[PDB]
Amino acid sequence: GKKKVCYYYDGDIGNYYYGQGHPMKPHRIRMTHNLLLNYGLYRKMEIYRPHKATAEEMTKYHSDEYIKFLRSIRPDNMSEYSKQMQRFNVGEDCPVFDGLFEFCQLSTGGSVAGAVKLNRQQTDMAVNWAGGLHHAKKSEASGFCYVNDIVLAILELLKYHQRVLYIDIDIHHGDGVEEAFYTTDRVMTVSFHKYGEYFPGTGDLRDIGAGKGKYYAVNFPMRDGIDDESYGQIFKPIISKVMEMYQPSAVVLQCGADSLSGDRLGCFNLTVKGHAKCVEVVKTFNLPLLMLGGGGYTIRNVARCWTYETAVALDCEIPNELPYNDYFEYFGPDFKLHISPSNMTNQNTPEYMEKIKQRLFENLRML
């Protein structure tokens, strides 16, 4: 039936700024929040302010040296850490900005607090739109991500769950999460992503895990222009087979919105309904679920996507006519919640989609 949803948000998150021209805009988290408050969704869910995750929490995965560096680096002392910045991949994609560590602490705090709430059986779903920073590595920042809140939240779930399923619908491969759990069967990682001349360059369908983790990493490489019809026809069958074979007791779903049509960095053609169908599919399995954010660089569409996905989590129908909100002008010229796909060609032929699905099904038979 309808589920209890706990949602995490810190009113300060929108003020962190990656710098002029940087596509990552934490302000999109505040737009999302303001839009869902204006739809009245706060009447149906418990809203929590995450704590600032500590160094003890972050070093459950990250090295002590990398966390010490993130805690120390500031725009005023950057000149003294030139060597350390290179070592930890802090620079152009992952800049040093005022309050960087606190931004990591809030992003991580929401994901870890949500996993604790799920472990305690105090909620059916936990939502942290400021989380989902799937590229961060044990001792390195990558692709706008510094602390891997997902790996930390999964480690928390593993205290009570023998098997955890991670699903990543961001247009980019979930490499940091896959890497962390590559050699274990206690976490199965499933990523759908654009593959070929695209960041991070990993996620080939032939990357299936190693050692005890062999067959516990699943990658669905896609080409430009995938649409709702093509995505929907492979997502439900793959996730259904994974659920059947793997039998997880908890799920983490990274909802990166850069897989939507019109994304500044993405080249897919999904609508908000097509992206949210992934949430609907995962919800039907009735397992404790942690829903996280991720990419999304056309910020009006990120706010629409995550507002609608929160409504889906709540089984709450919301009107297409957008309510007035603090960012109303960002949603012009239509002022509607739902988006239209573009006329871009879908390079993912139906035969290509079926063939990759069949190749992944062969790997799932090995569980």
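In this text, residue numbers run from 1 along the sequence as written.
Q: Regarding 338 to 346 and 51 to 59, which shows the higher C-alpha temperature factor on average in the entry?
A: Stretch with the greater average CA B-factor: 338 to 346.
Q: State which stretch shows the higher mean Cα B factor in the entry: 148 to 156 or 195 to 203.
A: The entry gives the higher C-alpha B-factor average to 195 to 203.
Q: Among 213, 174, 296, 114, where is the Cα B factor highest in this entry?
A: In this record, 213 carries the highest C-alpha B-factor of the candidates.
Q: So if I compare the CA B-factors in the entry for 189, 128, 82, 259, which one is the largest?
A: Going by the entry's C-alpha B-factors, 82 comes out highest.
Q: Residue 134: which third of its chain by C-alpha temperature factor?
A: Lowest third - that is where residue 134 ends up once the chain's C-alpha B-factors are sorted.
Q: Among the chain's modelled residues, which third holds the C-alpha B-factor of residue 319?
A: Highest third - that is where residue 319 ends up once the chain's C-alpha B-factors are sorted.
Q: Lowest, middle or highest third: where is residue 168 by Cα B-factor in its chain?
A: Its C-alpha B-factor, which the entry lists for residue 168, ranks in the lowest third among residues of this chain.
Q: By the recorded C-alpha temperature factor, relative to the other modelled residues in its chain, which third is residue 236 in?
A: According to the entry, residue 236 has a C-alpha B-factor in the chain's middle third.
Q: Would you mind checking where the Cα B-factor of residue 27 ranks among the modelled residues of its chain, as the lowest, middle or highest third?
A: Middle third - that is where residue 27 ends up once the chain's C-alpha B-factors are sorted.
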